[PDB]
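K.L.:
here is the input, now give the coordinates:
(chains A, B, C, D and E, ligands or ions: 5)
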Amino acid sequence: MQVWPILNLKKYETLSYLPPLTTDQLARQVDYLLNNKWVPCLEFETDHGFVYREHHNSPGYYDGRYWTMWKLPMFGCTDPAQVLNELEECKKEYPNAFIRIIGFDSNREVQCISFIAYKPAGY
Amino acid sequence: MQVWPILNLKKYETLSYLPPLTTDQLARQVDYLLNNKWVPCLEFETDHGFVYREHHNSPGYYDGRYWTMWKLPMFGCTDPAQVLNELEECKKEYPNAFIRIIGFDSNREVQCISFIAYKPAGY
Amino acid sequence: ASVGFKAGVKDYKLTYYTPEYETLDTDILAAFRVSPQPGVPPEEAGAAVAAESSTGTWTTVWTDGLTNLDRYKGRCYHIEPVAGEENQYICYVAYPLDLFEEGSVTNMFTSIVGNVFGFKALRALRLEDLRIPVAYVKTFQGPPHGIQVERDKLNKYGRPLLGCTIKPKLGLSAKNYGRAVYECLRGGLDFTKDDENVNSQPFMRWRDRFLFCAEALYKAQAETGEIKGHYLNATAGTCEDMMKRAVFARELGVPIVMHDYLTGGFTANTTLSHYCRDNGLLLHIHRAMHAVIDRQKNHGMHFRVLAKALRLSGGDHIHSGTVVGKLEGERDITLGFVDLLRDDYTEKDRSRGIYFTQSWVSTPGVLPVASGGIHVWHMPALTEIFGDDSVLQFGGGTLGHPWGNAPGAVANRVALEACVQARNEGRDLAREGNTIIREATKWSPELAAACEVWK
Amino acid sequence: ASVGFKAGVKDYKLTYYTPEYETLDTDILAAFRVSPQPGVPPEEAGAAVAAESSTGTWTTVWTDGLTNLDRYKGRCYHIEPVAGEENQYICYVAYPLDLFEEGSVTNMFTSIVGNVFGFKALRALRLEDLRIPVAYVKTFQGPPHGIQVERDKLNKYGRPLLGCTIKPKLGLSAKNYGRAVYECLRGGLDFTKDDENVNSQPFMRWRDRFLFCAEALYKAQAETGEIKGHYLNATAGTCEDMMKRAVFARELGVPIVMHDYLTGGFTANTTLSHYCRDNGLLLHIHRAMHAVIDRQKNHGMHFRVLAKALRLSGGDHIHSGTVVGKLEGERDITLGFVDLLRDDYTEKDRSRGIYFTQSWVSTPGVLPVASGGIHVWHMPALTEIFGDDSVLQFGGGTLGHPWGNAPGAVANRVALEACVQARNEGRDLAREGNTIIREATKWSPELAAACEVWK
Amino acid sequence: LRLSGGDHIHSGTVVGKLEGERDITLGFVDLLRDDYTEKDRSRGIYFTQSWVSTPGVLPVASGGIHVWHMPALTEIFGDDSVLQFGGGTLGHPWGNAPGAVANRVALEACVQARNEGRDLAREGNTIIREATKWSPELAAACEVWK
Ligand SMILES: O=C(COP(=O)(O)O)[C@H](O)[C@H](O)COP(=O)(O)O
Ligand SMILES: O=C(COP(=O)(O)O)[C@H](O)[C@H](O)COP(=O)(O)O
Ligand SMILES: O=C(COP(=O)(O)O)[C@H](O)[C@H](O)COP(=O)(O)O
Ligand SMILES: [Ca+2]
Ligand SMILES: [Ca+2]
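P.N.:
Residues are numbered from 1 along each chain as shown, chains lettered A, B, ... in the order given. Ligands and ions are numbered 1, 2, ... in the order given. Find the structure here:
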């Protein structure tokens, strides 16, 4: 009988309960997006990588949901390598930031995916 | 005439104003539970071992009352040694956490006891 | 009921004394201690009590024929002599469920006790007990929270709760009053309290008191890490003023308010009880004026009746006196109404003054509050008599400590915890109480100081 | 007050027995009938009553030094033996104006009577009278209307008003209840009334009763040309329900509502009193439960105290019992509190149970209501004893008439008017009462019929 | 309910029933989520239904489900669904938290696999078993059920 840990066990939604993705796994998730005609984009956050409530408390209001966009969504991107190269540029510039890959479905007209691609040391 | 101290004098409810319990005293309190047919269970907290108010302020609402359960209540437990062994496993794993023993009375259908069994260094 | 009219006086007796009556589970039953005037036989007296608290009229009226009065009459179905008293009997009376307004303790008392006590054929009359049927119990809210929920909200388990009445009741300014509150709470007491007399007065208006008491309690809570409360007295002259007071307590986010239910009255008490349930406020009830009614054995109403009424109307705590300073029997009577306040079911037991078996169909229990001239030395006794589910209050027993409020509080909290630990270890509080206290003085200067001052 | 602390018990006596004290015009004075336990001397008992109803603590507390407790203590300033009673005394106690919340009868009773009755040194205790200073009287509204305004609104002058309680209290349907009301009013009675028990119950919900009673009263008013009223009972379980009832009475445009002030309670009563003043409703007060408190001579509170409290809280009528069936002295006591209810100033008079001179600084008087087993033959007596400013109520005395409610009403109205005319002509009601009634039977078949049935 | 209003609505489990009943469920699931559903008698849809942009409702699968039904549920309902586990969570041998972890890991393993192109219908049990290798919580659950 194991007791689920309490300290430093913050999660980042989809796929965050699995062992961290290898470059191959990461590339396979990116291909899923491309094959579905979804637009990939990267987001990073250096301050609080988790949800909190500072500016308001009414139902459905939370701070920390929006992170900052790395460049622009990658319209027309056809190669998972392009995306992963960007993840590298981003990590190079923000080695202290959490980085996640998100995707947009222009037909459903909504953001449709979001998975942590990089966590800074000790997370 | 002595002046009751102000610093580092946080308490933990029942039995916390007595000198810390020895293993024998601790075992005697556990036998009290068993003899009354109450189910023992352990809880631990690493962050704030005391009551506070972060998420709401209405009457009767306080944060920090719930701690996290160590395993499950010890149904059928008949030996104080079992309980104390668990206190040891818990301390082994969370030497930095406050640990308390609680008991449930399934007939009154309520948690009925709660006493601090372990305080981390400097508390 | 019915007629063939013909006006005129007539006689009760045959109509209201129904010794063959089998009570219904829906009936409200009353046990009256009747002291008839000389010359009035018991059956006659019992019949008078029943007639006079229901349908008995002094002269025949034609309208009785438009109904079936039998369906509405009170019936004396049993009478038994009182031992060691000449011409004194216990008469049992049954009242049909239909005579009462649902959820109204005000109407329950008006119907049973509103008229009979002045009947000339009686020398004296005392209501000893009422059997409230479960169908009527279900029409009331009962305690806003009750024992189980209160402990869960406060996170306090396995020991009596501790309080302290701030003294002097009148004279202190709101700020000095709050200073006393903070010093008491920081020492280990769970609650502090407004005297029953403290409402709003020239030297201390209510809002100022509530405000400083809030500052004091939050400071004591932050210092100790344990949840604290101060019974803010909301008793007032009108329903509107009482509500204004409860509303500010809500705004402050504090946990508990107080009401003098007998001087305020049942109509106002039920309003405050409903508000507390809807707003998550615990309600401490003070029994001011009870002895005006419940003290004399031959006339009035025994406190157990006033306690049942409060459990129906609603309160989370209620003062039940100390068992200290009195012989057994009175000790047994107290333990008897304590069960009636806390438990879900209490079987008839004349040795404890319980005349009827009473069920509560899950209506929450009320925490009894022991108060009145108690200090550290009564601790083993109080813990033994009341058990964990009680609130022990020390006014002079705390503010009278030689080193001040905080050490006064520590002394009481240590004394209580020493007793709880001892009891849990299997020690006999009744036999070893003084030894348990003395051992604690060895390591508690605060307790040792207190023990020197008292008894 | 003050200190040089040093914890410990200490003794009252010297501190609370101040036989040299000169009372202030702002003090609230109380006359307590004290029955000390054997061995307790009178000065000791009086001092205990004062300490126990103000600042007396069981052990010295340090906070007393933060105030001047002398300014706040109750003081026993006089003691006098009770004749024909061993070990029983009248102790006079003075309470400073500052101890009380303005406009709150609830706080006045909590302060004086909330604690002392249970003091062990006393065998029994009874509050006989209170001197309410005019500065405190001015903080209350008093009656919503009072004697003078009520007569002006109703346009009724020179004779007692007449009422009738509808019976049976429970059992009739709202419509049959209203039928009884119309038959009573059309015969000459001014008011009809809900029994104290009639609030809202299974066979007759309140709204239906109010509605049919309105139809009945308007029909009786249109028929006779005289203004009529029905005391609609607004007593309820909560303040909210009570207000709902008063509001509907307002909507109906009727003139008077009713409240059981003791079972409802002072907090709710003051709320209803304020509402009646703001809405032009007369308020009839029923004293249900009074005998639980005021009957025994050695313990409780005398009714004159409960009557003063009602005049402050507010009511336009209040039940004062009948003077019939009792010896002088009890007759004198009743006449004494009747003056206390109606007049602006009443001088101390121990022969009538008036322990203090009482001024009301123009607070309106309350109409006393004589009720209880009375019929046509008591009319000369009632008129003589109460005078014009009273309400005489006949329940069985009206609904018990052989020809029905209307003739029952006519009999009472004729009997009353015959007495008033006779008194006005200079006839002695005390000596010629029966002759005055008999002469009226010669021309009133209704009255003659009634006279045959009773006494 | 979609007209009156609700954000989630219980739609039963497709588990424990034959095709057809499976097809009927998938049919009303489309009616709850989509903006337009063409008539299809094979799925019990008697009329073509348009919703003119009225928001879709999230279907909730509930009723006797546990970790082993995960590949199936993910395959049948897709992403836009709420999977509810009462006994499937509070019945875990180590308690609620590990019970929750087991369900969250099982679901994420299936999502990752599906995204990688694995066939949930054919490889479901293999996807679950591989996850037990690194998840003691999931392994514990798998031992208790089916
Ligand atoms: O003020 C106190 C006690 O102060 P102290 O703790 O200093 O004795 C309480 O209100 C009464 O004892 C209650 O009376 P009852 O128990 O008769 O309701
Ligand atoms: O119902 C009646 C009288 O009916 P009846 O007119 O038929 O006697 C009155 O309420 C009581 O007498 C009042 O009691 P008290 O005077 O003690 O307040
Ligand atoms: O309580 C549960 C399931 O508990 P468990 O997860 O332990 O099975 C759900 O409410 C029902 O399954 C819904 O019924 P329906 O789907 O027919 O609306
Ligand atoms: Ca008090
Ligand atoms: Ca009556």
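K.L.:
which helices and strands does whatever helix or strand residue A:30 lives in pack with?
P.N.:
Assigning secondary structure by DSSP states H and E places residue A:30 in helix A:23-35. With contacts defined as 3 or more Cβ pairs under 8 Å, 6 or more residues apart in numbering or on different chains; DSSP states H and E, the secondary structure elements packing on helix A:23-35 are strand A:39-45, helix A:80-93, strand A:98-105, strand A:110-118, helix E:96-115. Every C-beta, even on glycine, is put in place using the N, C-alpha and C of the backbone.
K.L.:
how about it as PDB, C-alpha atoms only?
P.N.:
Coordinates of each C-alpha in helix A:23-35 appear next as PDB, following Å, rounded to 0.1, in the frame of the first residue of the first chain:
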ATOM      1  CA  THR A  23      11.700  13.200 -28.300                       C
ATOM      2  CA  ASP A  24      10.100  10.300 -30.300                       C
ATOM      3  CA  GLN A  25       6.900  10.300 -28.200                       C
ATOM      4  CA  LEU A  26       6.800  14.100 -28.400                       C
ATOM      5  CA  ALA A  27       7.200  14.000 -32.200                       C
ATOM      6  CA  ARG A  28       4.400  11.400 -32.300                       C
ATOM      7  CA  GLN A  29       2.000  13.700 -30.400                       C
ATOM      8  CA  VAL A  30       2.900  16.500 -32.800                       C
ATOM      9  CA  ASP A  31       2.100  14.300 -35.800                       C
ATOM     10  CA  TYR A  32      -1.300  13.600 -34.300                       C
ATOM     11  CA  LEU A  33      -2.000  17.300 -34.500                       C
ATOM     12  CA  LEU A  34      -0.800  17.600 -38.100                       C
ATOM     13  CA  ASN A  35      -2.600  14.600 -39.300                       C
END
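K.L.:
mind listing what's buried in it?
P.N.:
Of all the residues in helix A:23-35, those buried under the rule 16 or more other Cβ atoms under 10 Å in any protein chain shown are A:25-26, A:28-34.
K.L.:
just give me the closest of those to residue A:102.
P.N.:
When those are compared for distance to residue A:102 (Cβ to Cβ), residue A:33 wins out at 9.3 Å.
K.L.:
from what I can see the closest one touches residue A:103, true?
P.N.:
Yes: contact criterion Cβ atoms under 8 Å: residue A:33 and residue A:103 qualify, at 4.4 Å.
K.L.:
shared neighbours of those two, anything?
P.N.:
Contact criterion Cβ atoms under 8 Å, 6 or more residues apart in numbering or on different chains; residues bridging residue A:33 and residue A:103 by contacting each: A:39-40, A:113.
K.L.:
what is the burial count for residue C:104?
P.N.:
The criterion is other Cβ atoms under 10 Å in any protein chain shown. On that basis, residue C:104 has 28 neighbouring residues.
K.L.:
show me the contacts for the closest residue to it other than its chain neighbours.
P.N.:
Spatially, and ignoring its direct neighbours in sequence, residue C:104 is nearest to residue D:237 (3.3 Å; Cβ to Cβ, 6 or more residues apart in numbering or on different chains). For residue D:237, the set of contacting residues under the criterion of Cβ under 8 Å, 6+ apart consists of C:101, C:103-107, C:266-267, C:270.
K.L.:
with residue C:127 instead?
P.N.:
For residue C:127, the contacting residues are C:30-33, C:112-113, C:300-302, C:305, taking Cβ under 8 Å, 6+ apart as the criterion.
K.L.:
residue C:370 is in contact with residue C:323, correct?
P.N.:
Yes: counting by Cβ under 8 Å, residue C:323 touches residue C:370, with 7.4 Å between them.
K.L.:
can you pull up the most central residue in chain A?
P.N.:
Using Cα atoms, centre = their mean, the residue of chain A that lies closest to the mean C-alpha position is residue A:100, 1.8 Å off.
K.L.:
quick one: that one and chain E, what's the gap?
P.N.:
The spacing between residue A:100 and chain E, counted by Cβ to the nearest Cβ, to the nearest Å, is 15 Å.
K.L.:
equivalent analysis for residue C:80, please.
P.N.:
Using Cβ to the nearest Cβ, one obtains 55 Å as the distance from residue C:80 to chain E.
K.L.:
am I right that that residue is in contact with residue C:89?
P.N.:
Yes: using Cβ under 8 Å, residue C:80 is in contact with residue C:89, at 6.5 Å.
K.L.:
which of these two has more neighbours?
P.N.:
Between residue C:80 and residue C:89, counting by other Cβ under 10 Å, residue C:89 is the more crowded of the two (20 against 11).
K.L.:
related to what we said a few turns ago, any chance of the helices and strands packed on helix A:23-35 in CSV, plus distance to ligand 1?
P.N.:
Listed next are the helices and strands packed on helix A:23-35 as CSV, based on distance: least, Cβ to the nearest ligand atom, whole Å:
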stretch, distance to ligand 1
strand A:39-45, 58
helix A:80-93, 69
strand A:98-105, 59
strand A:110-118, 61
helix E:96-115, 45
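K.L.:
including distance to residue C:403, could these go into a markdown table?
P.N.:
Conversion of the helices and strands packed on helix A:23-35 to a markdown table gives the following (distance: least, Cβ to Cβ, whole Å):
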| stretch | distance to residue C:403 |
| --- | --- |
| strand A:39-45 | 55 |
| helix A:80-93 | 63 |
| strand A:98-105 | 55 |
| strand A:110-118 | 58 |
| helix E:96-115 | 47 |
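K.L.:
okay, now residue A:47: neighbour count?
P.N.:
Residue A:47: 10 surrounding residues under other Cβ under 10 Å.
K.L.:
how about it, secondary structure?
P.N.:
Following DSSP: H, G, I helix; E, B strand; the rest coil, residue A:47 is assigned to coil.
K.L.:
next, give phi and psi for it.
P.N.:
Backbone torsions of residue A:47, given as degrees, to the nearest 10, read phi -80, psi -90.
K.L.:
I'm done for today, thanks for sticking with me.
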